[PDB]
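**Student:** This one is an experimental structure. Sequence first:
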Amino acid sequence: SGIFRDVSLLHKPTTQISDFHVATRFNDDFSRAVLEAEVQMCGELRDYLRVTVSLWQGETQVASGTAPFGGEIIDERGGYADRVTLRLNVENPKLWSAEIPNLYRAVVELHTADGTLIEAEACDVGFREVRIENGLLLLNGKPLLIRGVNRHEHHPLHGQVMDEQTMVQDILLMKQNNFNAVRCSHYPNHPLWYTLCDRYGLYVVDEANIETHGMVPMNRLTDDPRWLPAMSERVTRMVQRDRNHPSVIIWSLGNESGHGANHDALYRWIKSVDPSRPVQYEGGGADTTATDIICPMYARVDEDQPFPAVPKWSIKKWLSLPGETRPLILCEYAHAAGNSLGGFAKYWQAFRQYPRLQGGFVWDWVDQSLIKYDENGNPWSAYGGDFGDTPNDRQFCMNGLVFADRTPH
Amino acid sequence: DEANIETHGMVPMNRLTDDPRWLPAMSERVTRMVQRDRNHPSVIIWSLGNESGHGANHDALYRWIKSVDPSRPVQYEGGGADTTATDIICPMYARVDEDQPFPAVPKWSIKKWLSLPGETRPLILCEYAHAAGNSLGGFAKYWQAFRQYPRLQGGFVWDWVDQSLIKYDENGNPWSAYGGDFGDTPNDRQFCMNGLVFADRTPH
Ligand code: NA
Ligand code: NA
Ligand code: NA
Ligand code: NA
C-alpha cells in the first residue's frame, strides 16, 4: 500500500482540451488511411476558437487540418457544440506492428482564429487495424502469432513502484528472447509502460483492475448489480486513459472473477465505445459471451481437464467444439515455477499447425521475490511468510522466466 | 448410398464432371438412385459418387438432391473432401495428427481440419485405415480421436473383402488370384486385395 506511482501538478487554461480520441481506418490493402481525431473542450465556447490537428512522421509534416468547434447533428436536440472531429487522409501510411513500430506524432492545438496558441496536447500514433475475421485475430490483415508473457509490476527492492530503467530492461530482455506481446496482469500499468511498448514494439493486452478470486462462488460480486458501478469505473476509466496507444490491441475485463452479468454489460460498453479492439475475459470458462477470444489459463495441448461448469478442454479440441468459431489465445500457460517449462515445445508445435491457435501469454515474467537482510547485512531472496505475514502462500509468488533482479532462469 | 459415378482415370480428375455435356448421363446415375432407394430407412446419407474430382455437375446434382430429399445429408469426397458439394467433410486417408499439404487437395490432420477458419461441418472419413495385407497399424489412434472430438464422427475402413478370384492349378486345386493372373494387362496386381476378411470371408 501507499502512494506507489508518480504525483504531479498540471496547469491547464480555463478554455482547454478536455479529451481527444485518435482512430485510424484503412482501405482494403492498407495503401490508404484516414486519421480521425475527435477533440473535446471545456471552458467558454467562442466562434473564434479553433482546433488544428497535424500529423508528423519525424520532422516531416504529413497532414494538417483545422476547424471551429461544432460537431455533426447527433439526435433531435442537435450535436456537441463543444466537440469537433478532424479527418486527415494519409497515403501509403507506414504501418505499426511489433515487427516494425512505425510511429507518427499527432499534435492537437487549441487556438484562436488570429493564430494565438491556447494549449497543445499530443500522442504517438501507430497506424494499425486490429480485427477478428473468420475466426482469426488479424493485425493489418495478417493473422498474429502471440509470443506473449504475463508481467506484473514487481521490483525486489522497491516493491510495486516502477521506474523507467526497470521497464526498459524488461522490454529489451523480452524482445531479445523473441516475445512480441505482454498482458498487463492484472491491472492498468504505469503510464510509461504503454509509451515504451508503442515505441519498442510489443502487443499489449490492457486489463481492468478487477479480480475477486477469493469470493465464493467466484462471481458473487460480479453478478451483483450493486457492484456494477464500482466495476464499471475500473473498466471505463482504463479505456478513457489508454485508448490512444497503438500498442494496446486487446482490452481485458479483469481476471479470475467468475462470470457475472456485470461482465456482459461492461463487455458491451467497450465494444460500443471502441470497436477498434477486441475484448477478452477468461472468467467463467474462458469462452463466455463476455469474450471475443477463447482465452483459457493452463489448458493443455492434447489432454482435456473436464472440470464441472468450467472445464479446460485440450486447446485443439476446444476450437472445434460444436458451434465454436473464435480464435484461441491462452491468457496464461506454461507455469514457470522454478525448474519448469517442460512441454513448452508441444504448445508451439500446436500454435504453428493450427491457424486458430494463435499463441498465449506465459505465466509469468518475473519471480515476485523480495530482498531481506540477514544478521550480517547480507541480502537474500524472500517469499511468502518471510515477513511474518500469515496466512501466506509461501514460494508460490515465484514463477517467472527471470529472477527478481532480471537474471534469466 | 452412392451413385455409380467414378472417373478417376481422367486428367485432371474432373474433366468430365465439370463438362456440361456429361451432366445428363451423370444426373441419371444420381436421380435414378434416389428414386429407387429413398424409402429405405437404413440409407441415412446420399453420396454423389467417387474420385471424379469436383465439377460444376457435382454442385448441380448436390442441389437437386437437397431439393427433392431434404431428409438426408449429401456427401462427396472429390476435389478436396470439403467442397460446396458436400454437407460432411469426408476425406480419404487423412491422418489423425499429421498434415499432408498436397497442392489443391490437401489432406489435413482431421483434428486440424475441423477448426480451419470458417469450417463448421462434421468430419467422417469415407475411407481410412487401408487394410492391405498385414495392416491397420495405428488404428487405435483414429478411435481415440473419434471419441475425444465431438465433430470427428468416425469413418469407413477400406475395405471389407479382398477382391481375389479363384483359379485352379493342373491338379484342380483352387488358389486365390489377383490382377494379372488372367493375362489381363495392364493390371494393378495385388492391389485389389485390402479387405479385413479374405474373399471367402475368413477374417484377417
Ligand atoms: Na496458429
Ligand atoms: Na504463482
Ligand atoms: Na466424436
Ligand atoms: Na486397393
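**Tutor:** Looks like it arrived, so ask away. Numbers count the residues shown, from 1 in each chain, chains lettered A, B, ... in the order given. Ligands and ions are numbered 1, 2, ... in the order given.

**Student:** now whichever residue of the stretch 201-350 of chain A sits closest to ligand 2: how far from residue A:391?
**Tutor:** Nearest residue of the stretch 201-350 of chain A to ligand 2: residue A:337, at 6.4 Å (CB to the ion). Just so you know, the C-beta spots here come from the backbone N, C-alpha and C atoms, and that holds for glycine as well. Here residue A:337 is placed at a distance of 19 Å from residue A:391 (CB to CB, to the nearest Å).

**Student:** for the top helix by length along chain A, packing partners?
**Tutor:** Within chain A, and with DSSP state H defining each element, the longest helix by residue count is helix A:228-242. Here helix A:228-242 touches strand A:203-207, strand A:248-252, helix A:261-273, going by 3 or more CB pairs under 8 Å, 6 or more residues apart in numbering or on different chains; DSSP states H and E.

**Student:** Run the chain-centre distance for whatever helix or strand comes next after the longest one.
**Tutor:** Elements were assigned by DSSP states H and E; along the chain past helix A:261-273, the next helix or strand is strand A:279-280. Chain-centre distance of strand A:279-280: 10 Å, with CA atoms, centre = their mean, to the nearest Å.

**Student:** Quick check: what element follows strand A:279-280 along the chain?
**Tutor:** helix A:315-319.

**Student:** close to ligand 3, is that following helix?
**Tutor:** No - on the criterion CB under 5 Å from the ion, helix A:315-319 is out of touch with ligand 3, staying 10.0 Å away.

**Student:** Please see if that helix touches chain B.
**Tutor:** Yes - Helix A:315-319 is in contact with chain B by CB under 8 Å from any CB of the partner chain, via A:316-317, A:319.

**Student:** List only those of these flagged as buried.
**Tutor:** Taking 16 or more other CB atoms under 10 Å in any protein chain shown as the criterion, what is buried in the residues of helix A:315-319 next to chain B is A:316-317, A:319.

**Student:** Serialize these to a markdown table and add fields for distance to residue A:365.
**Tutor:** Converted to a markdown table, these look like this (distance: CB to CB, whole Å):
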| residue | distance to residue A:365 |
| --- | --- |
| A:316 | 27 |
| A:317 | 29 |
| A:319 | 27 |
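
**Student:** ok, the residues you listed vs residue A:251, which is closest?
**Tutor:** residue A:319 (22.4 Å; CB to CB).

**Student:** picking up where we left off before, so which of the helices and strands packed on helix A:228-242 comes closest to residue A:366?
**Tutor:** strand A:203-207 (17.0 Å).

**Student:** What strands flank that closest one, and is each parallel or antiparallel?
**Tutor:** Sheet pairing of strand A:203-207 (DSSP bridges) gives strand A:181-183 (parallel), strand A:248-252 (parallel).

**Student:** For the first one, which outside residues touch it?
**Tutor:** What it means is strand A:181-183. A:98, A:146-151, A:174, A:197, A:202-205, A:207, A:252, A:331, A:359, A:361, A:365 (CB atoms under 8 Å, 6 or more residues apart in numbering or on different chains).

**Student:** dump the residue contacts of the residue nearest the centre of chain A.
**Tutor:** Centroid-nearest residue in chain A, with CA atoms, centre = their mean: residue A:206, separated by 1.9 Å. Residue A:206 sits next to A:184, A:188-189, A:194, A:238, A:242, A:245, A:248, A:250-252 when contact means CB under 8 Å, 6+ apart.

**Student:** Now the buried members of these.
**Tutor:** Applying 16+ other CB under 10 Å to the contacts of residue A:206 flags A:184, A:188-189, A:194, A:238, A:242, A:245, A:248, A:250-252 as buried.

**Student:** would CSV of those with distance to residue A:212 be doable?
**Tutor:** Listed next are these as CSV, based on distance: CB to CB, whole Å:
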residue, distance to residue A:212
A:184, 18
A:188, 17
A:189, 20
A:194, 25
A:238, 17
A:242, 22
A:245, 27
A:248, 24
A:250, 21
A:251, 19
A:252, 15
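
**Student:** Same list (those) but as JSON lines, adding distance to ligand 3.
**Tutor:** Supplementary listing: the buried ones among the contacts of residue A:206 in JSON lines, determined by distance: CB to the ion, whole Å:
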{"residue": "A:184", "distance to ligand 3": "39"}
{"residue": "A:188", "distance to ligand 3": "43"}
{"residue": "A:189", "distance to ligand 3": "44"}
{"residue": "A:194", "distance to ligand 3": "45"}
{"residue": "A:238", "distance to ligand 3": "42"}
{"residue": "A:242", "distance to ligand 3": "44"}
{"residue": "A:245", "distance to ligand 3": "44"}
{"residue": "A:248", "distance to ligand 3": "40"}
{"residue": "A:250", "distance to ligand 3": "32"}
{"residue": "A:251", "distance to ligand 3": "35"}
{"residue": "A:252", "distance to ligand 3": "33"}
